[PDB]
Amino acid sequence: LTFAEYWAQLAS
Amino acid sequence: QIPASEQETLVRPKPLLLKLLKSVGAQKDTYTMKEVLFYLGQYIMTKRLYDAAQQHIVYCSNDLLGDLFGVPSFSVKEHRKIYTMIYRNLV
Ligand SMILES: *CCn1nnc2c1-c1cc(N(C)C)ccc1-c1nnn(CC*)c1-c1cc([N+](C)(C)C)ccc1-2
């Protein structure tokens, strides 16, 4: 994954 | 995951953390944990503190983020770890 993709998981 | 109730808990960041949050556009003095994470992520994106090959790996030894979190590095996969490092920078 990209950094953004990993970080986005914190949003859920 | 991390419980939704914890995600929308209201917190007040210490001055250094707050400075970091506002530097990427945050305007408030108190935030939910989710909001804090949102702006924190922006900070990391802009400074590209992640590893190019494995982008869940964050290197922050030479950054103010490292001073705050008190670690040379951490994994984005480790959500609870991240929450804890935040909880240690709250008023
Ligand atoms: C890979 C980065 N990314 N992926 N999905 C979203 C984001 C995102 C992008 C940016 N910039 C490019 C500056 C900033 C912040 C985010 C972001 N960080 N966390 N989240 C959700 C936990 C996002 C995000 C939010 C949303 N909305 C607001 C629609 C819920 C969409 C996409 C991303």
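Reading the values: rules and limits
- Residues numbered from 1 in each chain as written, not as in the entry; some residues may be left out.
- Chains lettered and ligands numbered in written order.
- Heavy atoms only, no water.
- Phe/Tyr/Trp six-rings, centres within 6.5 Å; stacked < 30°, edge-to-face > 60°.
- Salt bridge = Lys/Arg side-chain N within 4 Å of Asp/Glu carboxyl O.
- Helix = DSSP H or I, 4+ residues; strand = E, 2+ residues; numbered from the N terminus.
- Near = heavy atom within 4 Å.
- Areas by Shrake-Rupley, 256 points an atom, 1.4 Å probe, with all protein chains shown as cover.
- Axes fitted to C-alpha atoms, helices over the stretch in contact; angles between N-to-C directions.
- Parallel < 35°, antiparallel > 145°, perpendicular 65-115°, else oblique.
- Contact = heavy atoms within 4.5 Å.
- Nonpolar A, V, L, I, M, F, W, Y, C, P; charged D, E, K, R; others polar.
- Buried area = accessible area lost by both parts, 1.4 Å probe.
- Polar contact = N/O pair within 3.5 Å; in protein donor to acceptor, adjacent residues only side chain to side chain.

Asker: Help me out: how do you make sense of the packing of aromatic side chains in this one?
Answerer: The geometry of an aromatic ring pair is captured by two quantities: the separation of the ring centres and the angle between the planes. If you walk through the whole model with that rule in mind, you get 6 aromatic pairs over all chains. Taken together, the ring pairs connect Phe3(A), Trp7(A) and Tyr50(B) into an aromatic cluster.

Asker: Where do I start with the pattern of salt bridges in this structure?
Answerer: All names here are of chain B. Within the structure shown, the criterion is met by 4 salt bridges over all chains. Residues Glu35 and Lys28 are paired through a salt bridge, measuring 3.1 Å at the closest nitrogen-oxygen approach. A salt bridge links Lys47 to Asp63, with the nearest nitrogen and oxygen atoms 2.9 Å apart. Here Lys47 is found in helix α3 (residues 33-47), whereas its partner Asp63 is found in the loop between β3 (57-59) and α4 (64-69), with 16 residues between them in sequence.

Asker: Any chance you could explain the site of the ligand here in plain terms?
Answerer: Taken together, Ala4(A), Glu5(A), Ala8(A), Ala11(A), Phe38(B), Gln42(B) and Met45(B) make up the full set of residues adjacent to the ligand. With respect to the ligand, the chains having nearby residues are chains A and B. Coverage of the ligand by the protein chains reaches 44% of its 660 Å² of free accessible surface. Those elements that provide at least two residues to the shell around the ligand are α1 (3-8) of chain A together with α3 of chain B.

Asker: I'm lost on the packing of α3(B) against helix α5 (residues 79-87) of chain B in this one. Help?
Answerer: Packed helices, taken two at a time, are described by the angle their axes make and the gap between the axes. Residues and elements named next belong to chain B. Orientation of α3 relative to α5, taken along the N-to-C sense of each, is 100°, at an axis distance of 12 Å. By the angle between their directions, the pair α3 and α5 is classed as roughly perpendicular. Between α3, through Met33, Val36, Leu37 and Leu40, and α5, the contact on the second element is made entirely by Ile82, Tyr83, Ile86 and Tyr87. When its residues are assigned to classes, the contact of α3 with α5 shows 8 nonpolar, no polar and no charged.

Asker: Sorry if this is basic, but what is going on with the interface of chain B and chain A here?
Answerer: How large an interface is tends to be reported as the accessible area lost when its parts come together. The partner chain A presents 9 residues to the 18 residues of chain B that form the contact. Interface of chain B and chain A: buried area, both sides summed, is about 1200 Å²; carbon and sulfur atoms make up 70% of it. Area buried by chain B at its contact with chain A is led by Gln55(B), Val76(B) and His79(B), which between them contribute 36% of it. Taken together, the links from chain B to chain A amount to 0 salt bridges. Inspection of the chain B/chain A interface yields 5 residue pairs in polar contact. Those elements that place two or more of their residues in the side of chain B that touches chain A are α3 and α5 of chain B. Looking at which element gives the most residues to the side of chain B that touches chain A, the answer is α3(B), with 6 residues. In terms of residue class, the side of chain B that touches chain A is made up of 10 nonpolar, 6 polar and 2 charged.

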